[PDB]
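One chain comes next, on its own, written out as structure tokens in the form deposited in one PDB entry.
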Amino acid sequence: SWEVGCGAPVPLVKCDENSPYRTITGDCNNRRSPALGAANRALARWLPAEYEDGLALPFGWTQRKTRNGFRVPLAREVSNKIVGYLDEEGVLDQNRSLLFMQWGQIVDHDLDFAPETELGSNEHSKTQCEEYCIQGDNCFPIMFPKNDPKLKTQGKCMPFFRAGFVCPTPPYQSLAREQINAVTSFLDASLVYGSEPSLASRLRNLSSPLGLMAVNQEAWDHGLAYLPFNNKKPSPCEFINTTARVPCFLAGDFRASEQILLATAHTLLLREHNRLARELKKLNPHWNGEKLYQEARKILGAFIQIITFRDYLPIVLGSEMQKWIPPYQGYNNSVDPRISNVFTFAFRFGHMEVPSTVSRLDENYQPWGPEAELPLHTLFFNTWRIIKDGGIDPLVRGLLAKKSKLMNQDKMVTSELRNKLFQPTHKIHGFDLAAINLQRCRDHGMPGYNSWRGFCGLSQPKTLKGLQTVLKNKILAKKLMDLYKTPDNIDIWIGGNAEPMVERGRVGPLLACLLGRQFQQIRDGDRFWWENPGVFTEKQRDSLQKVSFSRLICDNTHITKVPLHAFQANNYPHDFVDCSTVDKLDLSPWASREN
């Protein structure tokens, strides 16, 4: 009765009964529907796609084609009028460390990646899009409004290329266009290990049966590993400093070097795998390389799950946590674990938590050198500042001692991302992540703000006064009505992020609902969830309960003082204790077995 078949790329693998570990692809997690949550398949649709032609063309593609009787505003004009601000004074979150932002980006990279269409190779398509700003097939350029300064300094557009879609990637089909999730839907440390067998093997050290991940052979951090380099050319990390010539890192996720603190967090996770593999080898000398790798991978997946659900989500969702994510009751094989298309926009709330600067701090939590503090835009695809300017410890100290940006209806996205974003192959620090998010909402066929309010059982404002009430902000509602003309047309990214945050949380009610529903699904629909009986033993679960980001730092850096609650705002020295007082992960329950 349905077109359920379509999975034409079809990374098809048969499933082995009673297999002890996760697949790299996420296949075989659900026994009845083994592709559920596997990588390189369609993002789930919680609601039907909304395209100007019903099938594939974004709203805004055809100038004369209205949405609900009104032209959709230019993404860059919404960015300029609503999202932008000048003054960074007073914008920081007084109760969230910068690790709060950074953990969000890490979790996001574990869960979803909808990359730009490949569209063949060695052609004049990408250059054409960038050079002449001509909309066509996959070229969906972000056009500058008449009063945009970038129209004066940067040409007529910011190049933008439509996301990849499942069955054919160049041609189309009879159903609506469905974008791809290139990573595993499960919270499974796919950002460390990869979501594809080829990358997963490339990341491993298969020279020794020690179960290790490959490490950098060119540079070391006071005896501790860096990720290997990606020696693919051209390299955006080389591009931004051709004197230093330091390549990007190779990780489980394609995007690991996008900014210096994401590369930092990736480095901690790689180190933690190798520490666990060494410690398991000492405990279990007869375990082979495959077994050591899998058991360390399983522990690192559980770490990521526990930090996320115990420490992170409660301070994102605040009062809505118990509504959307009740205490775990067990694996439910009827739950759809696939990441939804809308979730990939909902989780971009993080863009409003990114502050304008990154600091390096020394062994006394004092400024590291004469340029301790640097503008964020100079740190896009920046790996040389790690290798050649103190390794990761000074950056990790900044992650603990400095703050996230607080979402603000009058100060949404810092100009470091809104005007100075660097994109690989596009040469300039001149892109706008907010405009890109809005253009991508349309590229993906997103239903508008009121469709999602209805989905979440919330009021659907129809008038300026109704929107002013929901947003608790007259001027913001007025600016959104002036541009969108009806709240039905407001793009979900800006509408969800415009709502005032729930008590004890950092998102409003619409985003709490969309995020909370997704995180409930990826937990309840995961046969390898850490708390599911038989994944770990009772004694292993008791040991895992004691994981902390503070212990991760103590174990995989030379930092000797850390806070106990690393996601809150912490000040040195008052909130910092000796590493020796921080709980350890007791691996004794991983003994092959005893009597």
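For every residue, the number given is its place in the sequence shown, counted from 1. Note that the rigid core is defined as the largest set of C-alphas that superpose within 1.5 Å between two forms.
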- Query: Comparing 165 to 173 with 402 to 410, which stretch shows the greater average C-alpha B-factor in the deposited entry?
  - Reply: 165 to 173
- Note on the structure: With B-factors read from the PDB entry, the higher C-alpha mean of 152 to 160 and 105 to 113 is in 152 to 160
- Largest Cα B-factor, entry values, listed residues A214, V72, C513, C129: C129
- Query: Whose C-alpha has the highest temperature factor in the PDB entry: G194, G369, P141, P394?
  - Reply: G369
- Query: When the modelled residues of the chain are sorted by Cα temperature factor, does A49 land in the lowest, middle or highest third?
  - Reply: lowest
- Looking at the C-alpha B-factor of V470, is it in the lowest, middle or highest third of its chain? middle
- Sort the modelled residues of this chain by their C-alpha B factor and say whether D526 lands in the lowest, middle or highest third. lowest
- Divide the modelled residues of the chain into thirds by Cα B-factor and specify which third, lowest, middle or highest, holds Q94. middle
- Message: Based on the deposited C-alpha B factors for this chain, I'd like to know if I307 is in the lowest, middle or highest third.
- Response: lowest
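FYI, the form deposited in another entry isn't displayed, but the following is about it.
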- Task: Select from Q154, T463, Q460, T169 the only position whose Cα moves 2 Å or more between the shown form and the other one when the core is aligned.
- Result: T169
- Message: For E503, does the CA position differ by 2 Å or more between the shown form and the other one when the superposition is done on the rigid core?
- Response: no
- Honestly, after the rigid core fit, is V10 moving at least 2 Å at Cα between the shown form and the other one? yes
- Message: If I superpose the two forms on their rigid core, does the C-alpha of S121 end up displaced by 2 Å or more between the shown form and the other one?
- Response: yes
- Message: Thinking of the 3 angstroms or more shift, are the C-alphas of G7 and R31 brought closer or pushed farther apart in the other entry than in this view?
- Response: farther
- Message: Knowing the shift is 3 Å or more, I'd like to know if the C-alpha atoms of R440 and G7 are closer or farther apart in the other entry than in the shown chain.
- Response: closer
